[PDB]
Amino acid sequence: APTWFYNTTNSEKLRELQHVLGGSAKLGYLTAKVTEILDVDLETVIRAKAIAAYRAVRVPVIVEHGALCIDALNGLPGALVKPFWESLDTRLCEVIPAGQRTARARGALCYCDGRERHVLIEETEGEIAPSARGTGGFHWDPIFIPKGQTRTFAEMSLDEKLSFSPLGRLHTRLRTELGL
Amino acid sequence: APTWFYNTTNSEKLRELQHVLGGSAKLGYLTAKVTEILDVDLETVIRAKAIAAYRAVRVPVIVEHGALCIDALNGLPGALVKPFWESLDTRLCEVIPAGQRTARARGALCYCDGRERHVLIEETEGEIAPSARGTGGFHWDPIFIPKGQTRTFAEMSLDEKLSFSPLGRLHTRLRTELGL
Amino acid sequence: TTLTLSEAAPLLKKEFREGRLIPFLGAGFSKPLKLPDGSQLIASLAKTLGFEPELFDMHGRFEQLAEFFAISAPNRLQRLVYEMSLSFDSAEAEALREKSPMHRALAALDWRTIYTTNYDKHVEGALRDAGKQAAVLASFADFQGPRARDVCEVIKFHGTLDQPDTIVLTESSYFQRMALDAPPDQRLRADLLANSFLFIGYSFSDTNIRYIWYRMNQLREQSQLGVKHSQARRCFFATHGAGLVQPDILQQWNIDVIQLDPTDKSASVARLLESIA
Amino acid sequence: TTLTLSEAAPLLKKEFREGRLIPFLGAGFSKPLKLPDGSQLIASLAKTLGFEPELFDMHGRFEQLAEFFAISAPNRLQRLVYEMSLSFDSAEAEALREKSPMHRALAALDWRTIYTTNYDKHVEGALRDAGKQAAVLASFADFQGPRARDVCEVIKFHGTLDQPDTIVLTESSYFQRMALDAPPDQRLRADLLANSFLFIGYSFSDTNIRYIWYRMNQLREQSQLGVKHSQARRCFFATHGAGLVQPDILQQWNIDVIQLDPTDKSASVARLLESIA
Amino acid sequence: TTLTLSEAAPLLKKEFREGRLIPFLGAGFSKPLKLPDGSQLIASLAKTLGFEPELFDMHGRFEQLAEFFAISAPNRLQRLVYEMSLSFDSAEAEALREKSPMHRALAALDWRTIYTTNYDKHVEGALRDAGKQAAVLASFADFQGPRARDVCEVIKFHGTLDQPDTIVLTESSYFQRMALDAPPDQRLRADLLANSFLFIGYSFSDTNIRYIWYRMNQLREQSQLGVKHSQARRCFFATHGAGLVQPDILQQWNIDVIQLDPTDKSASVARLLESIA
Amino acid sequence: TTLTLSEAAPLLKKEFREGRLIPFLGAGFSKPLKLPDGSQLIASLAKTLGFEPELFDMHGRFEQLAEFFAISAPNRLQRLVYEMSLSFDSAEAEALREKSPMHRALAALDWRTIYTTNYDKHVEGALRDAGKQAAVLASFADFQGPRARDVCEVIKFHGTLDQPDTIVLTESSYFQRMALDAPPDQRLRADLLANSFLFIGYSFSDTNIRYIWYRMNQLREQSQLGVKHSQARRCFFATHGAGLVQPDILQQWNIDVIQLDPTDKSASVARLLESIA
Ligand SMILES: O=c1nc[nH]c2c1ncn2[C@H]1C[C@H](O)[C@@H](COP(=O)(O)OP(=O)(O)OP(=O)(O)O)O1
Ligand SMILES: O=c1nc[nH]c2c1ncn2[C@H]1C[C@H](O)[C@@H](COP(=O)(O)OP(=O)(O)OP(=O)(O)O)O1
Ligand SMILES: [Zn+2]
Ligand SMILES: [Zn+2]
């Protein structure tokens with residue numbers, strides 16, 4: 001039986017974390033739906049998301065929340081990235097001026113055992129594409145190009161995306177600190 | 001002694017609602033700080049704000065939340081207007097293309113007596129200014145020009161701003177439904 | 001600090017073959033029958049009173065919101081029992097009960113006493129489905145009534161829907177049971193003197209259940225047994241989602257926690273009841 | 001459905017001049033002295049145990065989190081009493097107590113019995129500030145000890161910090177008081193037979209206080225008085241923020257709610273105590 | 001016949017760099033914190049009992065007057081501990097403790113064991129002020145509790161205020177320690193087998209301390225060592241005002257007297273603790 | 001709170017005719033023989049050492065000043081015993097002893113065991129004056145020596161002058177008796193198990209006498225007798241000038257105080273010993 005449970009309602013995040021942390025027999029999976037607080041800071045939202053997901057499932061839980069801070073929007077959306085891609089789908093490439101396309105793709109894991117909340121944060125420098133390209137992946141992957149690379153997260157496979165994305169450095173930090 | 005309590009931490013909203021509903025002896029004032037949920041819909045946020053403020057003060061409470069839906073940003077920020085003016089102060093006039101500056105200034109009151117939540121919503125058509133002008137008022141008033149008018153909310157006095165703003169139609173609806 | 005399923009299985013076989021294991025079934029045992037738990041009742045009481053269900057929840061505890069419901073109008077509690085009877089003991093809840101793996105695994109064992117705190121005929125009804133016969137004991141007239149010789153006695157600890165005077169739901173009915181003078185209270189305290197219990201689908205939120213296990217330790221500590229002998233007779237608490245505080249409170253009362261797999265709640269309970277056989 | 005301050009003022013004068021009004025003071029009465037209430041204690045217990053204070057709160061009720069604290073290590077409860085003694089009865093809490101308008105207005109009246117459920121010397125200390133003398137009664141040895149002739153007896157209902165065996169904080173200590181056999185329990189039930197009470201700064205969250213007012217109605221209903229005569233002797237519950245459910249539960253127990261002005265909590269209480277004079 | 005400060009300084013450096021020097025701190029070490037010594041307690045006990053403080057002093061010794069206090073009324077000793085905790089560990093005694101030169105000079109050294117006979121958190125509190133961490137050991141549960149690896153263990157030899165059962169103040173509690181069976185007694189007698197002690201602010205008036213150094217010589221004399229080798233391991237007794245009889249009694253027990261300058265008591269001790277570094 | 005002479009006289013007759021009363025005689029019993037008490041010895045030790053007798057008294061207690069005397073020079077304690085022999089057992093102290101009314105009234109009764117803590121042959125010498133015969137028991141060789149069949153055994157509890165190794169005067173000799181292993185210690189603790197004692201002319205200032213009565217209550221309290229039966233066997237303490245603290249300390253140890261008339265000390269004791277007959 002598992003001792004840690006990764007809670008997400010997003011079935012595309014589920015197949016990413018099962019691609020690397022899938023063979024760990026100490027990790028289970030839950031699908032409880034939580035409501036995030038209104039703040040652009042990633043550290044504040046992921047810390048209030050774990051206390052709201054432990055209250056739902058009542059087991060040691062691991063939650064995940066991201067950020068897409070943009071220099072042209074002075075850090076917007078930040079942790080408000082979920083309603084931007086709902087509203088501005090590929091017009092988000094158009095509302096940003098050409099010449100200052102730089103942005104940061106941040107991502108955070110927070111595991112709560114019922115007594116303590118520990119936040120792990122990784123981060124990837126990049127720049128917003130001039131137009132959306134690529135088919136693979138999911139939300140905002142056709143618009144983000146990492147630094148040095150020419151391609152998007154959507155144009156790369158799941159092994160190649162996790163060699164650039166924040167989750168590929170968060171697998172090893174979550175495995176080491178939890179013994180998965 | 002009052003029977004209804006208007007809860008806000010914003011001292012500029014306090015002097016607006018005391019300018020019209022101030023002489024009502026049935027209305028008190030509280031300053032409890034609540035945390036909003038992450039959603040662009042104004043109806044969803046103001047309804048979850050009253051249940052979170054009744055839990056704090058435990059009296060019949062009236063809360064207030066607004067929206068600044070913009071056509072060029074497909075409705076963004078919506079009820080996410082609080083972290084935009086923190087991040088983009090007057091660059092918000094610059095991130096929007098000239099020629100499609102139209103926007104809606106929405107505002108909502110929700111009163112909760114402990115058993116029911118009733119939402120009153122008013123709304124003002126307008127357009128974002130090409131640059132911030134005006135000194136009076138507070139957050140995002142130098143950037144919003146109502147339809148027909150040439151001036152901003154910041155350029156107009158408090159009597160003239162409430163003849164255009166959503167709160168000037170929400171005084172009479174709150175007074176009639178509560179008997180203030 | 002917490003037993004697993006394979007660790008607790010030889011401990012439950014030993015108490016069962018000696019005839020000293022008694023199941024205690026809660027509201028989570030009728031959850032696969034699509035019945036309300038203690039939270040969906042309050043959502044239904046708030047709809048009748050004109051409350052929003054999230055605003056009604058923050059004015060008091062479960063006992064106190066039902067006390068407020070019962071005194072809102074005359075005959076308001078009688079109507080609730082009628083509505084619960086039509087919903088809890090409906091024919092589609094009967095049909096989900098034969099194909100339920102927990103109720104089949106419960107009735108496959110040859111119990112002698114079963115305690116429940118839920119108002120439905122789905123624990124004795126599970127015994128009728130397996131060809132066995134049961135005897136519901138809820139009031140004083142049931143205990144003095146005629147039974148057969150060797151028949152599993154199902155003790156409806158909080159009452160039955162066909163005897164609406166026995167239902168304890170409101171706060172005043174929980175305070176009336178604090179005297180421990182009701183016939184289900186007197187039968188429970190005598191069975192607790194000699195038997196291990198198995199809590200399935202129940203969470204210790206009732207302050208009269210916790211008060212009975214409190215006062216069994218006042219007999220245990222005053223009898224001045226050793227460290228070895230006062231810890232010999234244990235009770236078992238099968239729960240998917242016990243927190244961090246409650247398992248250590250119950251170690252005082254000789255209650256061990258059996259951690260079940262929370263991914264599938266119904267199959268984890270059914271494997272526990274099949275491991276006793 | 002709820003008394004105001006001017007409506008309840010002639011009702012409190014009549015019971016006071018007959019000598020049949022007794023104050024019952026809670027944790028909110030020591031809130032202007034910058035002391036913790038029942039929530040800031042749990043925030044301090046969570047810091048010692050290594051919990052975050054928001055995660056520790058969702059594992060049980062107030063009685064159960066203090067029970068978990070006291071059994072975490074040996075002598076863990078004794079340390080808490082020592083820490084509380086230095087924080088609650090400190091010299092800067094003494095200095096805030098002479099200039100407090102509630103404690104001055106309380107001591108200006110010539111009471112004979114005062115009940116408190118808080119662990120601090122600021123109710124009898126308010127009487128010493130006004131030149132009066134008080135008599136703290138908490139344990140069995142205090143009731144049989146010598147007092148003076150006509151001195152206000154302050155009944156520490158939940159215990160005192162200078163007698164750490166009398167403090168009821170954990171869940172096992174609340175269950176030990178359910179027998180209603182302690183000397184503060186026996187004195188309360190006899191004063192409730194003949195006197196009106198005034199609850200100031202107290203919220204009915206203790207299930208042993210609510211159980212005493214429950215069993216006074218079992219004497220009231222069995223005595224078969226009329227509609228007029230069973231509703232004659234009332235108790236009063238001054239509260240800024242009572243909800244929608246709790247005032248109707250307490251109407252069963254002859255407890256009327258006095259709505260105070262929630263804008264300034266300290267001045268609303270002080271105007272109530274000055275209206276009794 | 002008596003060491004000075006400069007003579008005893010190289011003798012204390014040698015035992016400290018070998019890790020075989022242990023401080024023993026008395027009631028005079030907390031005198032700059034404006035705390036009572038053994039005489040101002042008796043002046044406070046006489047005020048409670050109704051004695052004049054000069055008449056109460058001539059009816060017995062310090063142990064016997066506190067025994068008379070504790071049996072005057074029930075719960076009279078519990079109140080004293082509560083009052084002592086308010087006055088010894090107050091916030092203004094904390095503020096005098098960071099700017100005290102003795103407590104800074106004590107915590108600047110890297111000790112491993114410190115013994116105290118006073119009831120206050122100002123010896124381990126001095127170690128927390130210097131960024132170091134300490135471990136208070138007073139009862140049996142403290143010795144078997146968890147500590148860290150290399151942390152200075154502060155042995156509260158006469159008890160601590162947060163564990164009121166460990167305080168030895170009355171005559172019956174000194175007689176209970178004559179068996180040398182308490183956990184601070186057993187730890188002291190084993191450390192005395194191998195270590196030099198430094199008595200600071202302590203006067204040998206306790207007949208259980210003097211009895212431990214008595215019975216270490218019964219091991220020393222029965223082992224039949226020479227004149228040279230039985231006098232090798234010394235203990236040190238820093239005192240401003242030792243008389244004419246007591247330094248010669250303690251020469252029997254390998255205790256040397258360090259004469260400190262009596263004009264400024266606090267600065268003389270601080271120069272001794274800085275000379276060890 | 002204190003027995004008089006006529007009240008205590010029937011209580012002493014009952015224990016004497018049952019053979020369960022044993023006198024315990026102190027230094028005040030030899031005061032009419034013009035002998036030093038514990039204060040005139042120290043005035044004589046201070047003259048030898050070169051002290052003024054008022055300055056020598058303020059450097060320590062009685063045990064500690066004699067310890068300082070004995071280590072001032074070699075053979076300094078042997079000389080003291082020789083000097084005491086010449087002055088305590090002189091021929092003019094013999095002549096005052098036949099005409100003493102206390103020593104005549106003591107020897108008129110038919111005792112079986114007498115305990116003394118003074119170094120003089122005036123208690124067994126009083127028995128030889130009345131024609132009776134006594135048996136002095138001070139050391140191990142005396143207990144195993146030959147006696148007659150029914151002869152009053154005088155137990156020299158602190159030693160005799162004709163056996164100078166048995167005299168306990170210095171502090172190191174009192175600490176050697178704290179083990180309660182000496183033959184007078186073992187005989188006292190067995191007689192205290194079954195007999196009432198009568199303290200005449202003795203004040204409880206010896207911390208080894210007080211420690212024996214302490215540890216008899218540790219047997220008395222652990223045996224869990226009632227309030228009535230643990231207070232049945234009393235001891236008696238005849239004293240002209242007991243203070244206000246010491247009679248209440250000794251009530252713990254079942255020791256009752258007999259107040260004698262302080263105007264004439266010798267005649268008050270003699271009327272007590274004649275009332276036993
Ligand atoms: O690494 C990523 N690579 C591509 N897209 C990503 C990533 N990380 C988040 N995203 C998208 C998903 C979602 O549209 C939004 C985060 O919002 P988020 O609240 O976490 O998604 P959710 O509520 O549907 O699932 P969950 O219950 O786990 O929070 O940005
Ligand atoms: O009519 C308005 N005219 C000018 N500015 C306005 C208006 N209405 C909201 N605003 C600003 C204020 C705040 O910066 C944000 C709303 O966020 P909002 O959460 O309501 O403000 P808040 O938290 O500081 O006070 P409150 O406790 O009442 O929610 O947009
Ligand atoms: Zn989400
Ligand atoms: Zn806000």
# chains A, B, ... in the order shown; residues from 1 in each chain; ligands from 1
>>> select_by_dssp(residues="segment 51-94 of chain A", states="strand (DSSP E or B)", output="VMD selection string")
chain A and resid 61 to 67 70
>>> write_last_selection(atoms="N, CA, C and O atoms", output="short mmCIF file (atom, residue, chain, number, x, y, z; two decimals), in the first residue's frame")
data_model
loop_
_atom_site.label_atom_id
_atom_site.label_comp_id
_atom_site.auth_asym_id
_atom_site.auth_seq_id
_atom_site.Cartn_x
_atom_site.Cartn_y
_atom_site.Cartn_z
N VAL A 61 -0.30 13.98 1.47
CA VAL A 61 -0.68 14.36 0.12
C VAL A 61 0.42 15.21 -0.49
O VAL A 61 1.18 15.88 0.21
N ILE A 62 0.54 15.14 -1.82
CA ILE A 62 1.49 15.92 -2.60
C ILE A 62 0.70 16.67 -3.66
O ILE A 62 0.02 16.04 -4.48
N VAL A 63 0.79 18.00 -3.67
CA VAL A 63 0.08 18.81 -4.65
C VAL A 63 1.10 19.55 -5.51
O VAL A 63 2.28 19.63 -5.19
N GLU A 64 0.61 20.11 -6.61
CA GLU A 64 1.46 20.71 -7.62
C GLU A 64 0.77 21.95 -8.19
O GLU A 64 -0.42 21.89 -8.52
N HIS A 65 1.51 23.05 -8.30
CA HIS A 65 0.99 24.27 -8.89
C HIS A 65 2.15 24.98 -9.57
O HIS A 65 3.29 24.87 -9.13
N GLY A 66 1.85 25.69 -10.66
CA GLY A 66 2.86 26.29 -11.49
C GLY A 66 2.72 27.80 -11.60
O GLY A 66 1.83 28.41 -11.02
N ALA A 67 3.62 28.38 -12.38
CA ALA A 67 3.63 29.81 -12.63
C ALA A 67 4.27 30.08 -13.98
O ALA A 67 5.14 29.33 -14.43
N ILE A 70 5.92 36.60 -16.58
CA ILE A 70 6.34 37.20 -17.85
C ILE A 70 6.91 38.58 -17.56
O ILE A 70 6.33 39.34 -16.77
#
>>> interface_residues(of="chain A", to="chain D", cutoff="7 Å", atoms="only C-alpha atoms", output="list in words")
residues 51, 114, 115 and 116 of chain A
>>> residues_around(residues="residue 108 of chain E", least_positions_apart="2", cutoff="9 Å", atoms="only C-alpha atoms", output="ChimeraX atom specification")
/E:103-106,110-111,127,130,273-274,277
>>> interface_residues(of="chain B", to="chain A", cutoff="6 Å", atoms="only C-alpha atoms", output="MDAnalysis selection string")
chainID B and resid 36:38 74 87
>>> write_last_selection(atoms="C-alpha atoms", output="mmCIF file, in the first residue's frame")
data_model
loop_
_atom_site.group_PDB
_atom_site.id
_atom_site.type_symbol
_atom_site.label_atom_id
_atom_site.label_comp_id
_atom_site.auth_asym_id
_atom_site.auth_seq_id
_atom_site.Cartn_x
_atom_site.Cartn_y
_atom_site.Cartn_z
ATOM 1 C CA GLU B 36 -10.535 35.568 -2.326
ATOM 2 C CA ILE B 37 -10.663 32.445 -4.465
ATOM 3 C CA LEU B 38 -8.969 32.217 -7.861
ATOM 4 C CA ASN B 74 -10.812 38.561 -23.574
ATOM 5 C CA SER B 87 1.817 44.535 -10.968
#
>>> select_by_dssp(residues="chain B", states="helix (DSSP H, G or I)", output="number ranges by chain")
B: 11-20, 42-57, 78-80, 82-87, 91-93, 158-161, 167-178
>>> residues_around(residues="segment 180-184 of chain D", least_positions_apart="6", cutoff="10 Å", atoms="only C-alpha atoms", output="number ranges by chain")
D: 115, 137-143, 155-159, 166, 208, 211-212
>>> write_last_selection(atoms="N, CA and C atoms", output="compact mmCIF listing (two decimals), in the first residue's frame")
# COMPACT_ATOMS: atom_id res chain seq x y z
N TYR D 115 -18.84 32.83 39.18
CA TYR D 115 -18.28 31.64 38.54
C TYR D 115 -17.44 32.05 37.34
N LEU D 137 -12.51 29.54 45.42
CA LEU D 137 -12.91 28.18 45.75
C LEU D 137 -12.73 27.33 44.50
N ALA D 138 -11.78 26.42 44.53
CA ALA D 138 -11.52 25.59 43.36
C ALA D 138 -11.53 24.11 43.66
N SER D 139 -11.03 23.69 44.81
CA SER D 139 -10.89 22.29 45.15
C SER D 139 -11.70 21.97 46.39
N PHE D 140 -11.65 20.71 46.82
CA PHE D 140 -12.38 20.29 48.00
C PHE D 140 -11.83 20.93 49.27
N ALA D 141 -10.53 21.17 49.32
CA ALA D 141 -9.93 21.78 50.50
C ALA D 141 -10.28 23.25 50.63
N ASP D 142 -10.63 23.91 49.52
CA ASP D 142 -11.02 25.31 49.59
C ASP D 142 -12.43 25.46 50.15
N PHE D 143 -13.34 24.56 49.78
CA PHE D 143 -14.70 24.63 50.28
C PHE D 143 -14.77 24.36 51.78
N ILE D 155 -15.88 31.13 42.37
CA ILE D 155 -15.80 29.70 42.11
C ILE D 155 -15.04 29.51 40.81
N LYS D 156 -13.79 29.08 40.90
CA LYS D 156 -13.03 28.71 39.72
C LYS D 156 -13.55 27.37 39.21
N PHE D 157 -14.43 27.42 38.22
CA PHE D 157 -15.16 26.23 37.81
C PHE D 157 -14.28 25.24 37.08
N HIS D 158 -13.30 25.71 36.32
CA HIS D 158 -12.40 24.82 35.61
C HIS D 158 -11.03 24.70 36.23
N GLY D 159 -10.76 25.38 37.33
CA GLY D 159 -9.51 25.22 38.04
C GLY D 159 -8.72 26.52 38.09
N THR D 166 -6.44 20.88 39.57
CA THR D 166 -7.83 21.24 39.36
C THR D 166 -8.12 21.70 37.95
N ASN D 208 -19.90 19.96 29.14
CA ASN D 208 -20.33 19.75 30.51
C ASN D 208 -21.12 20.91 31.07
N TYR D 211 -24.56 20.25 29.46
CA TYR D 211 -25.20 19.10 30.08
C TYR D 211 -25.80 19.44 31.44
N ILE D 212 -25.29 20.47 32.12
CA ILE D 212 -25.89 20.87 33.39
C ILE D 212 -27.21 21.59 33.15
>>> interface_residues(of="chain F", to="chain E", cutoff="12 Å", atoms="only C-alpha atoms", output="PyMOL selection string")
chain F and resi 46+49+51+55-72+170-180+203-205+207-215+217-218+241-253
>>> closest_residue(among="F:121, F:145, F:263, F:80", to="residue 44 of chain F", atoms="only C-alpha atoms")
F:80
>>> residues_around(residues="residue 8 of chain C", least_positions_apart="5", cutoff="12 Å", atoms="only C-alpha atoms", output="list in words")
residues 2, 3, 13, 14, 15, 198, 234, 235, 236, 237, 238, 256, 257, 258, 259, 260, 271, 272, 273, 275 and 276 of chain C
>>> residues_near_ligand(ligand="ligand 2", cutoff="10 Å", atoms="only C-alpha atoms and all ligand atoms", output="PyMOL selection string")
(chain A and resi 38) or (chain B and resi 6-14+16+30-36+45-46+49+53+62-68+79-86+105-108+136-144+153-154+161-162+165-168)
>>> residues_around(residues="residue 81 of chain D", least_positions_apart="6", cutoff="12 Å", atoms="only C-alpha atoms", output="tab-separated table (two decimals) with C-alpha atoms, in the first residue's frame")
chain	number	residue	atom	x	y	z
D	41	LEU	CA	-3.48	28.16	23.18
D	70	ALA	CA	-0.48	16.09	27.40
D	75	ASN	CA	5.50	16.10	32.45
D	87	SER	CA	1.87	34.52	30.85
D	88	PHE	CA	-1.68	34.84	32.22
D	89	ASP	CA	-0.85	36.24	35.66
D	119	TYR	CA	-7.32	30.09	34.67
D	120	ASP	CA	-6.25	33.52	35.86
D	159	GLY	CA	-9.51	25.22	38.04
D	160	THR	CA	-6.80	27.63	39.09
D	161	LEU	CA	-3.16	27.91	38.10
D	162	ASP	CA	-1.92	27.73	41.70
D	163	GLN	CA	-3.59	24.31	42.10
D	164	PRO	CA	-2.59	22.47	38.90
D	165	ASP	CA	-4.56	19.33	39.74
D	166	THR	CA	-7.83	21.24	39.36
D	167	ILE	CA	-7.29	22.41	35.78
D	168	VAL	CA	-9.58	20.72	33.27
D	169	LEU	CA	-8.11	21.21	29.82
E	81	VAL	CA	5.78	27.07	43.71
E	82	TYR	CA	3.24	29.10	41.65
E	85	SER	CA	7.54	30.87	39.39
E	86	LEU	CA	6.01	34.33	38.95
E	161	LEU	CA	9.68	25.05	39.00
E	162	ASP	CA	8.02	23.47	35.97
E	163	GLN	CA	8.08	20.07	37.72
E	164	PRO	CA	6.83	20.88	41.23
>>> residues_around(residues="residue 31 of chain C", least_positions_apart="6", cutoff="9 Å", atoms="only C-alpha atoms", output="ChimeraX atom specification")
/C:37,201,266
>>> write_last_selection(atoms="N, CA, C and O atoms", output="mmCIF file, in the first residue's frame")
data_model
loop_
_atom_site.group_PDB
_atom_site.id
_atom_site.type_symbol
_atom_site.label_atom_id
_atom_site.label_comp_id
_atom_site.auth_asym_id
_atom_site.auth_seq_id
_atom_site.Cartn_x
_atom_site.Cartn_y
_atom_site.Cartn_z
ATOM 1 N N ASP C 37 -24.206 10.253 4.455
ATOM 2 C CA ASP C 37 -23.493 10.186 5.721
ATOM 3 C C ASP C 37 -23.969 11.344 6.600
ATOM 4 O O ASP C 37 -24.993 11.969 6.316
ATOM 5 N N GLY C 201 -15.978 1.350 9.278
ATOM 6 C CA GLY C 201 -16.766 2.428 8.723
ATOM 7 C C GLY C 201 -17.257 3.435 9.726
ATOM 8 O O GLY C 201 -18.160 4.213 9.411
ATOM 9 N N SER C 266 -14.205 0.229 -0.629
ATOM 10 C CA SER C 266 -15.079 -0.925 -0.475
ATOM 11 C C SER C 266 -14.308 -2.233 -0.548
ATOM 12 O O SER C 266 -14.635 -3.189 0.158
#
>>> atom_distance(atom1="atom CA of residue 69 of chain A", atom2="atom CA of residue 104 of chain A")
5.3 Å
>>> decode(residues="segment 86-98 of chain B", atoms="N, CA, C and O atoms", output="mmCIF file, in the first residue's frame")
data_model
loop_
_atom_site.group_PDB
_atom_site.id
_atom_site.type_symbol
_atom_site.label_atom_id
_atom_site.label_comp_id
_atom_site.auth_asym_id
_atom_site.auth_seq_id
_atom_site.Cartn_x
_atom_site.Cartn_y
_atom_site.Cartn_z
ATOM 1 N N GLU B 86 -1.543 46.061 -8.844
ATOM 2 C CA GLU B 86 -0.296 45.899 -8.110
ATOM 3 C C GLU B 86 0.878 45.678 -9.056
ATOM 4 O O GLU B 86 1.942 46.284 -8.880
ATOM 5 N N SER B 87 0.709 44.826 -10.066
ATOM 6 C CA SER B 87 1.817 44.535 -10.968
ATOM 7 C C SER B 87 1.962 45.604 -12.045
ATOM 8 O O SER B 87 2.970 46.314 -12.096
ATOM 9 N N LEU B 88 0.957 45.738 -12.905
ATOM 10 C CA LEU B 88 0.966 46.730 -13.976
ATOM 11 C C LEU B 88 0.267 47.978 -13.461
ATOM 12 O O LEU B 88 -0.960 47.999 -13.350
ATOM 13 N N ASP B 89 1.029 49.020 -13.134
ATOM 14 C CA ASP B 89 0.365 50.196 -12.573
ATOM 15 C C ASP B 89 -0.229 51.050 -13.686
ATOM 16 O O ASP B 89 -1.435 51.016 -13.926
ATOM 17 N N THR B 90 0.606 51.716 -14.469
ATOM 18 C CA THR B 90 0.120 52.458 -15.621
ATOM 19 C C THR B 90 0.631 51.876 -16.926
ATOM 20 O O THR B 90 0.330 52.412 -17.994
ATOM 21 N N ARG B 91 1.391 50.781 -16.858
ATOM 22 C CA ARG B 91 1.736 49.995 -18.031
ATOM 23 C C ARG B 91 0.526 49.227 -18.560
ATOM 24 O O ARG B 91 0.542 48.762 -19.705
ATOM 25 N N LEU B 92 -0.533 49.117 -17.749
ATOM 26 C CA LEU B 92 -1.788 48.517 -18.189
ATOM 27 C C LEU B 92 -2.435 49.317 -19.312
ATOM 28 O O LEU B 92 -3.162 48.755 -20.136
ATOM 29 N N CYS B 93 -2.165 50.623 -19.381
ATOM 30 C CA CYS B 93 -2.557 51.402 -20.549
ATOM 31 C C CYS B 93 -1.727 51.061 -21.776
ATOM 32 O O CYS B 93 -2.166 51.336 -22.897
ATOM 33 N N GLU B 94 -0.544 50.473 -21.598
ATOM 34 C CA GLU B 94 0.368 50.216 -22.701
ATOM 35 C C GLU B 94 0.297 48.792 -23.225
ATOM 36 O O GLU B 94 0.619 48.570 -24.396
ATOM 37 N N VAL B 95 -0.119 47.828 -22.402
ATOM 38 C CA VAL B 95 -0.208 46.443 -22.861
ATOM 39 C C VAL B 95 -1.437 46.184 -23.713
ATOM 40 O O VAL B 95 -1.554 45.106 -24.304
ATOM 41 N N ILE B 96 -2.349 47.138 -23.796
ATOM 42 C CA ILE B 96 -3.598 46.995 -24.534
ATOM 43 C C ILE B 96 -3.455 47.752 -25.850
ATOM 44 O O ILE B 96 -2.962 48.888 -25.838
ATOM 45 N N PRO B 97 -3.825 47.160 -26.988
ATOM 46 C CA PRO B 97 -3.616 47.834 -28.275
ATOM 47 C C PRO B 97 -4.528 49.036 -28.447
ATOM 48 O O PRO B 97 -5.684 49.031 -28.024
ATOM 49 N N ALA B 98 -3.993 50.077 -29.079
ATOM 50 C CA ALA B 98 -4.788 51.260 -29.370
ATOM 51 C C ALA B 98 -5.738 50.969 -30.523
ATOM 52 O O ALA B 98 -5.317 50.513 -31.590
#
